[PDB]
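**Student:** Sharing a structure below in structure tokens format, with a few things to ask.
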Amino acid sequence: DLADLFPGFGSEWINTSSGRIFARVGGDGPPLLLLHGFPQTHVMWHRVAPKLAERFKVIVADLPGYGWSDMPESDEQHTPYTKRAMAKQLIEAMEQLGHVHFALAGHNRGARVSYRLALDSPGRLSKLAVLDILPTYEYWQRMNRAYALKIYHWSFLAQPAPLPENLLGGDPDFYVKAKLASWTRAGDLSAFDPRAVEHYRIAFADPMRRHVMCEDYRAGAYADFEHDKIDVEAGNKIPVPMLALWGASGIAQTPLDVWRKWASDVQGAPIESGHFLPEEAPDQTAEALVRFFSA
Amino acid sequence: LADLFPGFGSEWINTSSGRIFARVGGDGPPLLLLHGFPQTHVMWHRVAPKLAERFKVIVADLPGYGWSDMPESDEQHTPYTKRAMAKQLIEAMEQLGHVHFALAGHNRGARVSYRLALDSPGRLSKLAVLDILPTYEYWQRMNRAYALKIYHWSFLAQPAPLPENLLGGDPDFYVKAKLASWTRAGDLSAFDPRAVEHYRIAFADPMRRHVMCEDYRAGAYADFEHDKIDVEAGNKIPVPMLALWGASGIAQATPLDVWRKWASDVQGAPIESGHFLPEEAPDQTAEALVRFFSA
Ligand SMILES: [Cl-]
Ligand SMILES: [Cl-]
């Protein structure tokens, strides 16, 4: 059995037109939605969510298709796993709780859902934080030999099915543990609570969950990139006050200079960390978020 | 299993780095044929007979491929660099008394071949390369579109053991998917099933797959650097050269225009074919090669 890493938090299974969203819910105050990414689940926030819950009503949700959220059937354009669709789905979920204007922090895929949400539906957000990402358009635009080799999984997981699925199926534990370790500052699993690692491992052990992850990266290579391209070529900037927090040894890395192209009111800082800020640097991440969302 | 070369002998040729296996047939001027990935010498079985009508034809397994020995690699992937492979095949040809010969290569073998022509042009009377551009040129072109289309250049080049671990789960699937995906038909129908079995059998060995990954690691690092030095120096191949490519192959972004920057005497032509010219279009490939190599 898997551990409860949010002692005292409630658990909700929220219906939407696209399927259920699982969330842990805690605290009180202004509403704050937290969105994980790949290859994780909502439990990645367990080291910062208790502290945030001292100041906010904290909703820690599994992305569409991840963790214990339902997995909609995909299609030829990977539609349910595009960040545009994921953002619509999470907007519906928040409405089910009575939240139509909320604060939002995301990491990895969830940060992409978050800035896409801000571009499509800025009225929904009071403030936005994105953790260790650049826009999907910027990742692809900088593509060259060095980046192709340094950060290969974007193009690998986006290959047509069932190629990535069949490769991942032989020994899935090895792949998910290798990715978790590889993107940390030290390159091992020491930053992670082993109970959290087991949550990630159990999700990754389901071929249906792995297929969703590949669909997510297929969206990332195609429709998500196209959606982004339209905004940057039109000069659309996010007007929601924004924080870009990144790891000095992360994937996104200046990110603030990139984000200033995409957002008219953005602040930012690095933290000494690899990619997984809320687990590698929980006190600093929690502090940065509390201070940003409270101001 | 299955002998696909009527009237060819079988030879193990000694070198300082290990044995090279080759099928040997015909008489007349010497012509070396070099396969690539994920194949073996048997890929030439539909064109070698026609060539052996006019030439002494040596159909070799690349160093570390097929039945050739596998020299131990190192941190710089040295023995599977094209410079090293070319030196090893030059030694093998010297064992047969061939110090000036014609050479045709496909895929990795065509990279060995143009590297051989750049390093040791005195060894070659004429050179044909099938459906490739220089490694430098593919990497220079590695934008989003190319990262997606030739993802395996970055995936197979990831540090060991990441691709080795993934390929071990279902190697038959991967090799058959690669074979099919690069043909015009998109299935295995262009191949002799007996040939496919040769490729599957080789790919079934973890040691052979490791060699392939070392080959792509070389392709991402030393091979690229070697090419970059020639580009910077403005070096061109002086050997009479033929570039053949598939109308729906990988090299095509205009192949003859590219090769003219790398070679001072080159002619070329498209063939209605996917990547695997000698199997998808054996009659037209053989005819083109015969006419070119004939004096
Ligand atoms: Cl990024
Ligand atoms: Cl190649």
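Starting from 1 in every chain, residues are counted up; chains themselves are A, B, ... following the order of the structure tokens, and ligands are numbered from 1 as listed.
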With the cut-off set at 7 Å and counting only C-alpha atoms, tabulate each residue of chain B with an atom at most that distance from an atom of chain A, showing the nearest atom pair and its distance in Å to one decimal, ordered by chain and increasing number, as a Markdown table.
**Tutor:**
| residue | atom | partner | partner_atom | distance |
| --- | --- | --- | --- | --- |
| B:139 | CA | A:145 | CA | 5.5 |
| B:142 | CA | A:144 | CA | 5.0 |
| B:143 | CA | A:143 | CA | 5.0 |
| B:144 | CA | A:140 | CA | 5.6 |
| B:147 | CA | A:155 | CA | 6.1 |
| B:148 | CA | A:155 | CA | 5.1 |
| B:151 | CA | A:155 | CA | 5.9 |
| B:154 | CA | A:149 | CA | 5.2 |
| B:155 | CA | A:152 | CA | 6.2 |
| B:166 | CA | A:167 | CA | 5.3 |
| B:167 | CA | A:167 | CA | 6.4 |
| B:169 | CA | A:170 | CA | 4.1 |
| B:170 | CA | A:170 | CA | 6.9 |
**Student:** To check your reading of the model: which residues sit at most 7 Å from ligand 1 when counting only C-alpha atoms and all ligand atoms? Write the answer as a list in words.
**Tutor:**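 Checking only C-alpha atoms and all ligand atoms against ligand 1 at 7 Å gives residues 132, 133, 134, 135, 136, 139, 251 and 252 of chain A.
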**Student:** Using only C-alpha atoms and all ligand atoms, find each residue with an atom at most 9 Å away from ligand 2 and format the answer as a list in words.
**Tutor:**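 Within the 9 Å cut-off, the matching residues are residues 36, 37, 106, 107, 108, 109, 110, 111, 131, 132, 133, 134, 135, 153, 216, 219 and 250 of chain B.
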**Student:** Could you write out that same residue set with C-alpha atoms as a compact mmCIF listing (two decimals), in the first residue's frame?
**Tutor:**
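selection_16.txt, written as the output of this step:
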# COMPACT_ATOMS: atom_id res chain seq x y z
CA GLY B 36 24.93 -0.05 -42.00
CA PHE B 37 22.37 -0.12 -39.18
CA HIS B 106 25.03 2.49 -47.11
CA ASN B 107 23.98 4.09 -43.81
CA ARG B 108 26.81 3.64 -41.21
CA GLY B 109 28.96 1.96 -43.89
CA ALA B 110 28.64 5.01 -46.14
CA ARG B 111 29.96 7.09 -43.21
CA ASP B 131 21.16 7.65 -48.92
CA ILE B 132 23.32 9.66 -46.52
CA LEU B 133 24.66 13.14 -45.95
CA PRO B 134 27.83 13.68 -43.89
CA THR B 135 27.37 13.31 -40.13
CA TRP B 153 20.76 9.72 -33.40
CA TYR B 216 25.89 6.17 -32.54
CA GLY B 219 28.41 9.56 -34.44
CA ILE B 250 16.59 10.15 -45.22
**Student:** Could you give me, as an mmCIF file with N, CA and C atoms, in the first residue's frame, each residue of region 51-261 of chain B that DSSP assigns to helix (DSSP H, G or I) when run on this structure's backbone?
**Tutor:**
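Output contents, as saved in states.cif:
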data_model
loop_
_atom_site.group_PDB
_atom_site.id
_atom_site.type_symbol
_atom_site.label_atom_id
_atom_site.label_comp_id
_atom_site.auth_asym_id
_atom_site.auth_seq_id
_atom_site.Cartn_x
_atom_site.Cartn_y
_atom_site.Cartn_z
ATOM 1 N N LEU B 51 26.990 -7.048 -59.528
ATOM 2 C CA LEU B 51 28.263 -6.352 -59.456
ATOM 3 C C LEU B 51 29.412 -7.322 -59.691
ATOM 4 N N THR B 78 36.247 4.826 -29.398
ATOM 5 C CA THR B 78 37.239 4.873 -30.477
ATOM 6 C C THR B 78 37.079 3.813 -31.578
ATOM 7 N N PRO B 79 36.968 2.523 -31.214
ATOM 8 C CA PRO B 79 36.968 1.537 -32.306
ATOM 9 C C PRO B 79 35.719 1.601 -33.175
ATOM 10 N N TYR B 80 34.689 2.305 -32.720
ATOM 11 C CA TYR B 80 33.463 2.384 -33.516
ATOM 12 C C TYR B 80 33.285 3.769 -34.131
ATOM 13 N N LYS B 82 34.156 6.278 -37.171
ATOM 14 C CA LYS B 82 34.274 5.900 -38.569
ATOM 15 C C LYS B 82 35.756 5.952 -38.997
ATOM 16 N N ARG B 83 36.538 6.830 -38.371
ATOM 17 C CA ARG B 83 37.963 6.907 -38.669
ATOM 18 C C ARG B 83 38.641 5.586 -38.330
ATOM 19 N N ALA B 84 38.326 5.041 -37.158
ATOM 20 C CA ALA B 84 38.885 3.760 -36.739
ATOM 21 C C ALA B 84 38.366 2.605 -37.598
ATOM 22 N N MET B 85 37.068 2.607 -37.875
ATOM 23 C CA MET B 85 36.486 1.543 -38.678
ATOM 24 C C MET B 85 37.148 1.530 -40.055
ATOM 25 N N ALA B 86 37.382 2.713 -40.609
ATOM 26 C CA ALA B 86 38.016 2.823 -41.912
ATOM 27 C C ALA B 86 39.437 2.275 -41.854
ATOM 28 N N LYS B 87 40.163 2.604 -40.787
ATOM 29 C CA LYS B 87 41.527 2.070 -40.662
ATOM 30 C C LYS B 87 41.502 0.542 -40.589
ATOM 31 N N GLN B 88 40.537 0.003 -39.860
ATOM 32 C CA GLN B 88 40.442 -1.444 -39.706
ATOM 33 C C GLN B 88 40.113 -2.126 -41.037
ATOM 34 N N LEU B 89 39.212 -1.532 -41.808
ATOM 35 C CA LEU B 89 38.849 -2.111 -43.107
ATOM 36 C C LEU B 89 39.989 -1.947 -44.119
ATOM 37 N N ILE B 90 40.776 -0.867 -44.018
ATOM 38 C CA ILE B 90 41.975 -0.729 -44.852
ATOM 39 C C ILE B 90 42.944 -1.870 -44.529
ATOM 40 N N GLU B 91 43.095 -2.217 -43.240
ATOM 41 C CA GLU B 91 43.969 -3.355 -42.888
ATOM 42 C C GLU B 91 43.418 -4.650 -43.470
ATOM 43 N N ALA B 92 42.112 -4.852 -43.360
ATOM 44 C CA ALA B 92 41.495 -6.067 -43.894
ATOM 45 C C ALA B 92 41.716 -6.160 -45.394
ATOM 46 N N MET B 93 41.524 -5.057 -46.102
ATOM 47 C CA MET B 93 41.733 -5.100 -47.552
ATOM 48 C C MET B 93 43.219 -5.400 -47.893
ATOM 49 N N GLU B 94 44.148 -4.907 -47.075
ATOM 50 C CA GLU B 94 45.575 -5.210 -47.299
ATOM 51 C C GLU B 94 45.869 -6.701 -47.152
ATOM 52 N N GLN B 95 45.127 -7.386 -46.284
ATOM 53 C CA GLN B 95 45.282 -8.826 -46.109
ATOM 54 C C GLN B 95 44.951 -9.565 -47.404
ATOM 55 N N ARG B 108 25.533 3.513 -41.932
ATOM 56 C CA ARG B 108 26.814 3.643 -41.206
ATOM 57 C C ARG B 108 28.021 3.332 -42.105
ATOM 58 N N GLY B 109 27.860 2.359 -43.004
ATOM 59 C CA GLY B 109 28.956 1.958 -43.885
ATOM 60 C C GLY B 109 29.328 3.058 -44.880
ATOM 61 N N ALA B 110 28.347 3.876 -45.270
ATOM 62 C CA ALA B 110 28.644 5.005 -46.139
ATOM 63 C C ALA B 110 29.394 6.095 -45.366
ATOM 64 N N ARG B 111 29.174 6.170 -44.047
ATOM 65 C CA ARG B 111 29.958 7.085 -43.206
ATOM 66 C C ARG B 111 31.408 6.604 -43.051
ATOM 67 N N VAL B 112 31.601 5.314 -42.786
ATOM 68 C CA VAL B 112 32.942 4.746 -42.891
ATOM 69 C C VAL B 112 33.574 5.094 -44.218
ATOM 70 N N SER B 113 32.799 4.959 -45.286
ATOM 71 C CA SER B 113 33.342 5.177 -46.621
ATOM 72 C C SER B 113 33.776 6.616 -46.900
ATOM 73 N N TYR B 114 32.960 7.627 -46.560
ATOM 74 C CA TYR B 114 33.426 8.979 -46.896
ATOM 75 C C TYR B 114 34.514 9.411 -45.926
ATOM 76 N N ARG B 115 34.474 8.908 -44.684
ATOM 77 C CA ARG B 115 35.579 9.175 -43.765
ATOM 78 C C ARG B 115 36.876 8.535 -44.325
ATOM 79 N N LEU B 116 36.775 7.321 -44.857
ATOM 80 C CA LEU B 116 37.938 6.675 -45.463
ATOM 81 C C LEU B 116 38.478 7.554 -46.595
ATOM 82 N N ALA B 117 37.586 8.100 -47.410
ATOM 83 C CA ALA B 117 38.009 8.899 -48.556
ATOM 84 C C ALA B 117 38.674 10.200 -48.080
ATOM 85 N N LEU B 118 38.202 10.783 -46.976
ATOM 86 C CA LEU B 118 38.819 12.003 -46.463
ATOM 87 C C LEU B 118 40.199 11.748 -45.841
ATOM 88 N N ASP B 119 40.353 10.625 -45.137
ATOM 89 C CA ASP B 119 41.585 10.309 -44.422
ATOM 90 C C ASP B 119 42.645 9.707 -45.342
ATOM 91 N N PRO B 121 42.545 9.090 -49.191
ATOM 92 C CA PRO B 121 41.943 9.052 -50.532
ATOM 93 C C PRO B 121 42.721 8.173 -51.538
ATOM 94 N N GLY B 122 44.003 7.948 -51.265
ATOM 95 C CA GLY B 122 44.818 7.125 -52.150
ATOM 96 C C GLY B 122 44.366 5.684 -52.192
ATOM 97 N N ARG B 123 43.551 5.281 -51.213
ATOM 98 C CA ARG B 123 43.061 3.915 -51.142
ATOM 99 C C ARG B 123 41.934 3.663 -52.133
ATOM 100 N N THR B 135 27.834 13.218 -41.507
ATOM 101 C CA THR B 135 27.370 13.314 -40.127
ATOM 102 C C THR B 135 27.309 14.769 -39.659
ATOM 103 N N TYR B 136 28.321 15.560 -39.989
ATOM 104 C CA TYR B 136 28.287 16.989 -39.673
ATOM 105 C C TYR B 136 27.011 17.663 -40.177
ATOM 106 N N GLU B 137 26.619 17.364 -41.415
ATOM 107 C CA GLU B 137 25.467 18.009 -42.033
ATOM 108 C C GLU B 137 24.175 17.606 -41.346
ATOM 109 N N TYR B 138 24.004 16.326 -41.000
ATOM 110 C CA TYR B 138 22.795 15.974 -40.245
ATOM 111 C C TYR B 138 22.714 16.696 -38.911
ATOM 112 N N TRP B 139 23.831 16.818 -38.194
ATOM 113 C CA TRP B 139 23.807 17.486 -36.903
ATOM 114 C C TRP B 139 23.561 18.977 -37.067
ATOM 115 N N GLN B 140 24.115 19.577 -38.118
ATOM 116 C CA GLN B 140 23.846 21.005 -38.343
ATOM 117 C C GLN B 140 22.366 21.263 -38.588
ATOM 118 N N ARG B 144 13.884 21.103 -34.576
ATOM 119 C CA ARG B 144 12.765 20.283 -34.106
ATOM 120 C C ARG B 144 12.370 19.194 -35.106
ATOM 121 N N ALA B 145 12.214 19.571 -36.370
ATOM 122 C CA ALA B 145 11.746 18.627 -37.367
ATOM 123 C C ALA B 145 12.698 17.437 -37.461
ATOM 124 N N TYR B 146 14.002 17.700 -37.484
ATOM 125 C CA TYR B 146 14.978 16.620 -37.607
ATOM 126 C C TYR B 146 15.155 15.815 -36.322
ATOM 127 N N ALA B 147 15.067 16.478 -35.164
ATOM 128 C CA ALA B 147 15.175 15.775 -33.900
ATOM 129 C C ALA B 147 14.066 14.727 -33.805
ATOM 130 N N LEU B 148 12.904 15.056 -34.354
ATOM 131 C CA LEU B 148 11.779 14.146 -34.337
ATOM 132 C C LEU B 148 11.987 13.041 -35.372
ATOM 133 N N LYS B 149 12.423 13.390 -36.586
ATOM 134 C CA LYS B 149 12.555 12.383 -37.639
ATOM 135 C C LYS B 149 13.721 11.419 -37.397
ATOM 136 N N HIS B 152 16.777 8.727 -33.265
ATOM 137 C CA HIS B 152 17.611 7.642 -32.759
ATOM 138 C C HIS B 152 19.087 8.078 -32.714
ATOM 139 N N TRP B 153 19.425 9.117 -33.485
ATOM 140 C CA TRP B 153 20.758 9.720 -33.395
ATOM 141 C C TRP B 153 21.089 10.269 -32.014
ATOM 142 N N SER B 154 20.072 10.759 -31.322
ATOM 143 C CA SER B 154 20.261 11.229 -29.954
ATOM 144 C C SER B 154 19.939 10.165 -28.903
ATOM 145 N N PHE B 155 18.917 9.362 -29.148
ATOM 146 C CA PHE B 155 18.544 8.285 -28.217
ATOM 147 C C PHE B 155 19.621 7.198 -28.083
ATOM 148 N N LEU B 162 21.482 3.384 -20.790
ATOM 149 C CA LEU B 162 20.075 3.742 -21.013
ATOM 150 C C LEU B 162 19.514 3.083 -22.294
ATOM 151 N N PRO B 163 20.157 3.260 -23.473
ATOM 152 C CA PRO B 163 19.501 2.599 -24.619
ATOM 153 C C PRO B 163 19.649 1.085 -24.577
ATOM 154 N N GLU B 164 20.784 0.590 -24.103
ATOM 155 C CA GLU B 164 20.956 -0.855 -23.983
ATOM 156 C C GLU B 164 19.864 -1.474 -23.117
ATOM 157 N N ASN B 165 19.557 -0.837 -21.992
ATOM 158 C CA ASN B 165 18.526 -1.367 -21.118
ATOM 159 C C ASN B 165 17.179 -1.397 -21.839
ATOM 160 N N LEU B 166 16.819 -0.310 -22.520
ATOM 161 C CA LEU B 166 15.535 -0.271 -23.200
ATOM 162 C C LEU B 166 15.447 -1.250 -24.371
ATOM 163 N N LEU B 167 16.527 -1.397 -25.142
ATOM 164 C CA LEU B 167 16.507 -2.275 -26.311
ATOM 165 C C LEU B 167 16.405 -3.752 -25.943
ATOM 166 N N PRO B 171 13.929 -6.718 -28.395
ATOM 167 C CA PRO B 171 14.803 -6.301 -29.506
ATOM 168 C C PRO B 171 14.212 -6.609 -30.890
ATOM 169 N N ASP B 172 13.492 -7.726 -31.037
ATOM 170 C CA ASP B 172 12.885 -8.056 -32.336
ATOM 171 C C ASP B 172 11.965 -6.925 -32.781
ATOM 172 N N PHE B 173 11.188 -6.385 -31.847
ATOM 173 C CA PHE B 173 10.266 -5.336 -32.228
ATOM 174 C C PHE B 173 11.012 -4.122 -32.769
ATOM 175 N N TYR B 174 12.067 -3.725 -32.069
ATOM 176 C CA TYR B 174 12.774 -2.498 -32.419
ATOM 177 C C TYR B 174 13.444 -2.607 -33.777
ATOM 178 N N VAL B 175 14.158 -3.705 -34.018
ATOM 179 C CA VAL B 175 14.868 -3.823 -35.280
ATOM 180 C C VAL B 175 13.847 -3.921 -36.419
ATOM 181 N N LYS B 176 12.748 -4.637 -36.224
ATOM 182 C CA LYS B 176 11.772 -4.736 -37.300
ATOM 183 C C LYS B 176 11.059 -3.413 -37.552
ATOM 184 N N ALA B 177 10.839 -2.637 -36.484
ATOM 185 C CA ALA B 177 10.221 -1.333 -36.619
ATOM 186 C C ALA B 177 11.137 -0.365 -37.356
ATOM 187 N N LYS B 178 12.443 -0.441 -37.115
ATOM 188 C CA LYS B 178 13.383 0.464 -37.768
ATOM 189 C C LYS B 178 13.447 0.118 -39.251
ATOM 190 N N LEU B 179 13.575 -1.173 -39.533
ATOM 191 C CA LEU B 179 13.624 -1.647 -40.913
ATOM 192 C C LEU B 179 12.416 -1.160 -41.695
ATOM 193 N N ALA B 180 11.232 -1.366 -41.127
ATOM 194 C CA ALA B 180 10.007 -0.999 -41.813
ATOM 195 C C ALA B 180 9.844 0.509 -41.918
ATOM 196 N N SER B 181 10.168 1.245 -40.858
ATOM 197 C CA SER B 181 9.791 2.656 -40.827
ATOM 198 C C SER B 181 10.535 3.474 -41.882
ATOM 199 N N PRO B 193 12.501 -12.259 -46.410
ATOM 200 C CA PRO B 193 12.336 -12.661 -45.010
ATOM 201 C C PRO B 193 13.573 -13.341 -44.466
ATOM 202 N N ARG B 194 14.347 -13.986 -45.339
ATOM 203 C CA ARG B 194 15.595 -14.618 -44.911
ATOM 204 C C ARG B 194 16.643 -13.582 -44.473
ATOM 205 N N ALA B 195 16.661 -12.443 -45.157
ATOM 206 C CA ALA B 195 17.524 -11.319 -44.805
ATOM 207 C C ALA B 195 17.087 -10.716 -43.467
ATOM 208 N N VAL B 196 15.784 -10.497 -43.311
ATOM 209 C CA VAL B 196 15.255 -9.961 -42.061
ATOM 210 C C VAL B 196 15.696 -10.845 -40.910
ATOM 211 N N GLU B 197 15.670 -12.159 -41.118
ATOM 212 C CA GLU B 197 16.083 -13.053 -40.053
ATOM 213 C C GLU B 197 17.573 -12.866 -39.699
ATOM 214 N N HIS B 198 18.436 -12.680 -40.702
ATOM 215 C CA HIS B 198 19.831 -12.307 -40.440
ATOM 216 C C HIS B 198 19.887 -11.050 -39.532
ATOM 217 N N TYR B 199 19.129 -10.016 -39.875
ATOM 218 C CA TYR B 199 19.165 -8.773 -39.089
ATOM 219 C C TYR B 199 18.619 -8.987 -37.678
ATOM 220 N N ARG B 200 17.551 -9.773 -37.553
ATOM 221 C CA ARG B 200 16.945 -10.024 -36.245
ATOM 222 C C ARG B 200 17.900 -10.805 -35.345
ATOM 223 N N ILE B 201 18.544 -11.814 -35.933
ATOM 224 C CA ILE B 201 19.480 -12.647 -35.186
ATOM 225 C C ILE B 201 20.646 -11.834 -34.630
ATOM 226 N N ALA B 202 21.217 -10.968 -35.458
ATOM 227 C CA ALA B 202 22.298 -10.114 -34.989
ATOM 228 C C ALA B 202 21.804 -9.198 -33.882
ATOM 229 N N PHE B 203 20.637 -8.600 -34.099
ATOM 230 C CA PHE B 203 20.125 -7.619 -33.150
ATOM 231 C C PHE B 203 19.720 -8.265 -31.834
ATOM 232 N N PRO B 206 22.819 -8.946 -27.011
ATOM 233 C CA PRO B 206 23.075 -7.679 -26.323
ATOM 234 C C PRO B 206 24.447 -7.095 -26.659
ATOM 235 N N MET B 207 25.454 -7.932 -26.909
ATOM 236 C CA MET B 207 26.781 -7.418 -27.217
ATOM 237 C C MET B 207 26.774 -6.673 -28.548
ATOM 238 N N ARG B 208 26.003 -7.187 -29.500
ATOM 239 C CA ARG B 208 25.896 -6.541 -30.805
ATOM 240 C C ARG B 208 25.144 -5.225 -30.686
ATOM 241 N N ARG B 209 24.114 -5.192 -29.844
ATOM 242 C CA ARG B 209 23.370 -3.951 -29.695
ATOM 243 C C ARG B 209 24.243 -2.903 -29.020
ATOM 244 N N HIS B 210 25.095 -3.337 -28.091
ATOM 245 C CA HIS B 210 25.976 -2.388 -27.413
ATOM 246 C C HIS B 210 26.901 -1.732 -28.432
ATOM 247 N N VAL B 211 27.455 -2.532 -29.341
ATOM 248 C CA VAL B 211 28.275 -2.011 -30.434
ATOM 249 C C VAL B 211 27.529 -0.947 -31.243
ATOM 250 N N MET B 212 26.284 -1.238 -31.600
ATOM 251 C CA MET B 212 25.482 -0.265 -32.328
ATOM 252 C C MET B 212 25.352 1.055 -31.566
ATOM 253 N N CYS B 213 25.135 0.982 -30.260
ATOM 254 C CA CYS B 213 25.032 2.192 -29.460
ATOM 255 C C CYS B 213 26.382 2.928 -29.409
ATOM 256 N N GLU B 214 27.488 2.180 -29.294
ATOM 257 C CA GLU B 214 28.811 2.805 -29.369
ATOM 258 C C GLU B 214 29.033 3.533 -30.707
ATOM 259 N N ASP B 215 28.534 2.940 -31.780
ATOM 260 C CA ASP B 215 28.576 3.526 -33.118
ATOM 261 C C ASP B 215 27.827 4.873 -33.139
ATOM 262 N N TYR B 216 26.618 4.898 -32.602
ATOM 263 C CA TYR B 216 25.890 6.170 -32.540
ATOM 264 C C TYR B 216 26.507 7.166 -31.529
ATOM 265 N N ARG B 217 27.103 6.682 -30.445
ATOM 266 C CA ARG B 217 27.834 7.596 -29.559
ATOM 267 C C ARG B 217 29.015 8.224 -30.305
ATOM 268 N N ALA B 218 29.752 7.416 -31.064
ATOM 269 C CA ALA B 218 30.792 7.986 -31.914
ATOM 270 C C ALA B 218 30.214 8.997 -32.899
ATOM 271 N N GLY B 219 29.036 8.700 -33.443
ATOM 272 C CA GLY B 219 28.412 9.557 -34.440
ATOM 273 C C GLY B 219 28.023 10.916 -33.881
ATOM 274 N N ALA B 220 27.754 10.953 -32.583
ATOM 275 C CA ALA B 220 27.355 12.192 -31.898
ATOM 276 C C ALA B 220 28.551 13.001 -31.439
ATOM 277 N N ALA B 222 33.011 12.014 -31.454
ATOM 278 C CA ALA B 222 34.237 12.060 -32.290
ATOM 279 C C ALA B 222 33.986 12.186 -33.799
ATOM 280 N N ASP B 223 33.016 11.443 -34.336
ATOM 281 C CA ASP B 223 32.779 11.481 -35.788
ATOM 282 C C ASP B 223 32.395 12.889 -36.212
ATOM 283 N N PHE B 224 31.556 13.527 -35.387
ATOM 284 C CA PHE B 224 31.137 14.895 -35.632
ATOM 285 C C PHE B 224 32.337 15.841 -35.621
ATOM 286 N N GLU B 225 33.195 15.680 -34.627
ATOM 287 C CA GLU B 225 34.379 16.534 -34.505
ATOM 288 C C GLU B 225 35.336 16.313 -35.680
ATOM 289 N N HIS B 226 35.496 15.062 -36.105
ATOM 290 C CA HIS B 226 36.363 14.808 -37.252
ATOM 291 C C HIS B 226 35.831 15.493 -38.506
ATOM 292 N N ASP B 227 34.518 15.413 -38.717
ATOM 293 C CA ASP B 227 33.879 16.063 -39.842
ATOM 294 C C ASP B 227 34.052 17.573 -39.766
ATOM 295 N N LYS B 228 33.894 18.123 -38.559
ATOM 296 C CA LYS B 228 33.965 19.581 -38.321
ATOM 297 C C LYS B 228 35.353 20.109 -38.706
ATOM 298 N N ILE B 229 36.401 19.353 -38.411
ATOM 299 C CA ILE B 229 37.750 19.758 -38.817
ATOM 300 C C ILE B 229 37.852 19.852 -40.347
ATOM 301 N N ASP B 230 37.339 18.865 -41.073
ATOM 302 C CA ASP B 230 37.370 18.950 -42.538
ATOM 303 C C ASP B 230 36.562 20.129 -43.089
ATOM 304 N N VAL B 231 35.385 20.378 -42.536
ATOM 305 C CA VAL B 231 34.599 21.532 -42.954
ATOM 306 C C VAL B 231 35.374 22.819 -42.740
ATOM 307 N N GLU B 232 35.957 22.954 -41.559
ATOM 308 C CA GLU B 232 36.689 24.175 -41.241
ATOM 309 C C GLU B 232 37.900 24.356 -42.156
ATOM 310 N N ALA B 233 38.561 23.254 -42.505
ATOM 311 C CA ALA B 233 39.727 23.288 -43.394
ATOM 312 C C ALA B 233 39.368 23.397 -44.880
ATOM 313 N N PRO B 255 20.509 16.573 -51.831
ATOM 314 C CA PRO B 255 21.705 15.785 -51.495
ATOM 315 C C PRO B 255 22.922 16.090 -52.343
ATOM 316 N N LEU B 256 22.738 16.250 -53.648
ATOM 317 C CA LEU B 256 23.883 16.508 -54.508
ATOM 318 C C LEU B 256 24.479 17.876 -54.188
ATOM 319 N N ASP B 257 23.627 18.860 -53.911
ATOM 320 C CA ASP B 257 24.124 20.172 -53.494
ATOM 321 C C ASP B 257 24.978 20.083 -52.225
ATOM 322 N N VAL B 258 24.588 19.219 -51.298
ATOM 323 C CA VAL B 258 25.359 19.013 -50.078
ATOM 324 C C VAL B 258 26.710 18.356 -50.367
ATOM 325 N N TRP B 259 26.679 17.275 -51.117
ATOM 326 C CA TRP B 259 27.886 16.515 -51.363
ATOM 327 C C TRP B 259 28.888 17.298 -52.210
#
**Student:** Just the residues within 8 Å of residue 71 (chain B), please, counting only C-alpha atoms, with nothing from its chain fewer than 4 positions along; format it as a PyMOL selection string.
**Tutor:** chain B and resi 17-18+63-64+79
**Student:** Those residues you just picked out, can you put them in a file as a compact mmCIF listing (two decimals), in the first residue's frame with C-alpha atoms?
**Tutor:**
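Output file out29.txt follows:
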# COMPACT_ATOMS: atom_id res chain seq x y z
CA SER B 17 41.55 -5.01 -34.10
CA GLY B 18 39.87 -8.37 -34.78
CA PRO B 63 33.77 -3.87 -37.24
CA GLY B 64 31.57 -5.13 -34.37
CA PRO B 79 36.97 1.54 -32.31
**Student:** If you count only C-alpha atoms, which residues fall within 12 Å of residue 34 (chain A), apart from same-chain ones fewer than 4 positions away, as JSON, numbers by chain?
**Tutor:** {"A": [23, 24, 25, 26, 41, 42, 43, 44, 45, 46, 48, 49, 52, 53, 56, 57, 58, 59, 60, 61, 62, 63, 90, 94, 102, 103, 104, 105, 106, 107, 108, 109, 110, 111, 113, 114, 128, 129, 130, 131, 278, 286, 289]}
**Student:** May I ask which of the residues B:22, B:33, B:185, B:59 is the closest one to residue 289 (chain B), counting only C-alpha atoms?
**Tutor:**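 Ranked by minimum distance to residue 289 (chain B), first place goes to B:33.
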**Student:** Output as number ranges by chain all residues of region 23-265 of chain A that backbone DSSP marks as strand (DSSP E or B).
**Tutor:** A: 23-27, 31-35, 57-61, 102-107, 125-131, 238, 242-247, 263
**Student:** Of the residues B:253, B:288, B:204, B:242, which is the one nearest to residue 268 (chain B), using only C-alpha atoms?
**Tutor:**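 Looking at the shortest contact to residue 268 (chain B), the residue is B:242.
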**Student:** Kindly give the distance, in Å, that separates CA of residue 220 (chain A) and CA of residue 198 (chain A), rounded to a single decimal.
**Tutor:** 26.2 Å
**Student:** Near residue 49 (chain B), counting only C-alpha atoms, which residues have an atom at most 12 Å away, once you skip same-chain residues fewer than 5 positions from it, shown as a PyMOL selection string?
**Tutor:** chain B and resi 4-8+23-27+42+44+54-59+278+282-283+286-287+290
